[PDB]
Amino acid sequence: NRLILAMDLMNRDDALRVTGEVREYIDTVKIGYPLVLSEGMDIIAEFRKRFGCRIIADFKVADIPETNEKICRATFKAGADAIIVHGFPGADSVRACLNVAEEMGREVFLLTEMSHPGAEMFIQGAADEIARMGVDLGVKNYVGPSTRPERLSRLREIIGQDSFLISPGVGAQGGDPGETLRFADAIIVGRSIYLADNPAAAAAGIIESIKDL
């Protein structure tokens, strides 16, 4: 695959239909707050049972250590395989997530630099240090921006070749599968697939581009 579906539809019926339509082209579904806050955490269990795919909970966890632990424990209890957590709040907040993931046999992904224009204001300047903090904490899974492949390159340099790196911002945000997969292990794609007239054809089209690399 190398393709992770960002399932940000907000209606259970549509989320299930689109995921079902594209599942032959992905092995991982990324579920975030647009779907969870609309349909409840039980949606994570349903997706697991219906589809079998890995579930990453994209909750961009960004609270104090005590609250981060509670968020992680609720999320894994609901059946998520991994959770995405922000590095910007610092090492104690990240460690809290890693401690729960250890307890529960799950994975943490560290979000380093974000893909949107606003990320340039504060996040970008800290992002190398956030990545290096990850390495120092023993984080093995990272998120970095498809929209800035030169920053992906730098992040890959920091985390090394033996870390797993996934990357949002492909399609709608302007990122390209090829420029991104030079550095990331897998791309995250939401709207380019789930808003397409034929999501299966969109996913298939992306997979064809990936195979050509």
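Position 1 is the first residue in the sequence shown; the rest follow in order.
**OP:** Would you mind comparing 144 to 152 and 173 to 181 for me and telling me which has the higher average C-alpha temperature factor in the entry?
**Re:** Higher mean C-alpha B-factor in the PDB entry: 173 to 181.
Original post:
Which wins on mean Cα temperature factor, 81 to 89 or 128 to 136?
Top reply: Stretch with the greater average CA B-factor: 128 to 136.
Subject >> Options 37, 64, 45, 186 - largest CA temperature factor per the record >> reply: Max CA B-factor in the entry, restricted to 37, 64, 45, 186: 45.
**OP:** Using the B-factors in the PDB entry, rank residue 210's C-alpha atom against the chain and give the third, lowest, middle or highest.
**Re:** It belongs to the highest third of the chain when residues are ordered by C-alpha B-factor.
Original post:
For residue 158, does the deposited CA B-factor place it in the lowest, middle or highest third of the chain?
Top reply: Its C-alpha B-factor belongs to the highest third of this chain's values.
Original post:
Going by the entry, which third of its chain does the Cα temperature factor of residue 29 land in?
Top reply: As the PDB entry reports it, the C-alpha B-factor of residue 29 lands in the middle third of its chain.
Original post:
Taking the entry's C-alpha B-factors for this chain, is residue 41 in the lowest, middle or highest third?
Top reply: Middle third.
Original post:
Lowest, middle or highest third of the chain for the C-alpha temperature factor of residue 57?
Top reply: Lowest third - that is where residue 57 ends up once the chain's C-alpha B-factors are sorted.
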